[PDB]
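The same protein chain appears twice below, in two forms, each given on its own as structure tokens and labelled structure 1 and structure 2.
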Structure 1
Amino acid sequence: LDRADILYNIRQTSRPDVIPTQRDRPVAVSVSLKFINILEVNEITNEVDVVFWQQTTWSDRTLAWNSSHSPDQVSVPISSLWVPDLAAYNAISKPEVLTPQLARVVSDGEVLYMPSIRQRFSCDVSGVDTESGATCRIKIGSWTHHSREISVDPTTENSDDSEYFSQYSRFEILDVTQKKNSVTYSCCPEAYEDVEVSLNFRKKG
């Protein structure tokens, strides 16, 4: 197989509308926000404007191919792939994607999609001008798929989600932590999972 064949095969047989589960085993999605720039902060309205790289990984075995004498990975337009329907629950603006909408697919079916996103959030900005800083929580999970269809999983301490933060920001990052949650909503009996990302930051000196 060459790249052209792999990409052709994926395009011709893609079901981007179909979550790649096998009932009742959920697709395990890992989500990790790499903060890049904090652009606007308003302590009066409790709103923040943020740029981050949304590292997103999951496995889709319908995409796998024999890697022998073939490339190990390809870049695929996300329009040809199923992609998890993640949403930021406390977002107050449309997510503005700043990067080419391509995912990286490995021959074993592992997918990495990492868009750079600019987006505005409603969160706690109180304390941003103090040395303790503000703690802004961003809640990300599947909009429509419950825990038996999509499970979302959180970084540990070992993930440094501030390692690409711009040195030229007015702001600086003190800490970034993730908390996994399961929530039940009135509409449905099943629980929905989310990752809660706590961004601890402050205005510099």
Structure 2
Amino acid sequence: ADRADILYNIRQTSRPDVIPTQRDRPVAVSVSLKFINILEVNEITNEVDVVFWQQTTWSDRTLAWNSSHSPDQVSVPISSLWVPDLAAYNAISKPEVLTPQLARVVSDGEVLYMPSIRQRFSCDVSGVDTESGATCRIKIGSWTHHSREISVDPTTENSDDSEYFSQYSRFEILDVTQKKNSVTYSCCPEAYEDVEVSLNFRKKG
């Protein structure tokens, strides 16, 4: 009936180390990077320092409860949940998580986990100080799950790419495009999926 019951009941069924595959179908994870800031850019070392929302949604039907005469959503610590093992492939620093580590769980089992992350990347910084700008490509996918266990797809909101971008950054955003790739590597027989986020940005003035 209350939010304590809902949580207790999540923990009875929720297995944080068990991927919540429905039948033998992958977990469909939505990924959308929302850039908040570009703090440090190095044209010689080809490194950028960015703040972004790593917006991550998926379904876990074992979390699902009856929202009749109950709250329809709750905030849940991510240690009580299974969370995709997403890694930015071209990161050169540990993710610095700036926000409380809470997921929004809906009563149909939908999970919204939207951390704000500060992280350093190896990417093409050339042309940052030009009209056309530089294009930094950030690849995010699962570390240990191939395409039959986790699929990753870009979702976008219709709103402008820089509606949440700091006006006090030295840089401005020209365009953010998100591409899905499905690649088979030399380690493993199954294909791994990633979202490739192309940040087209340049200095102001």
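We call the rigid core the largest set of C-alpha positions that still match within 1.5 Å between the two forms. Residue numbering: sequential along structure 1, first residue numbered 1.
When the two forms are superposed on their rigid core between the two structures, the C-alpha shift of 2 Å or more among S159, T62, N46, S59 belongs solely to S159.
Shown is the Cα shift of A87 between the two structures after rigid core superposition, which amounts to 0.3 Å. Once the core of the two forms is superposed, the Cα of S186 has moved 1.2 Å between the two structures.
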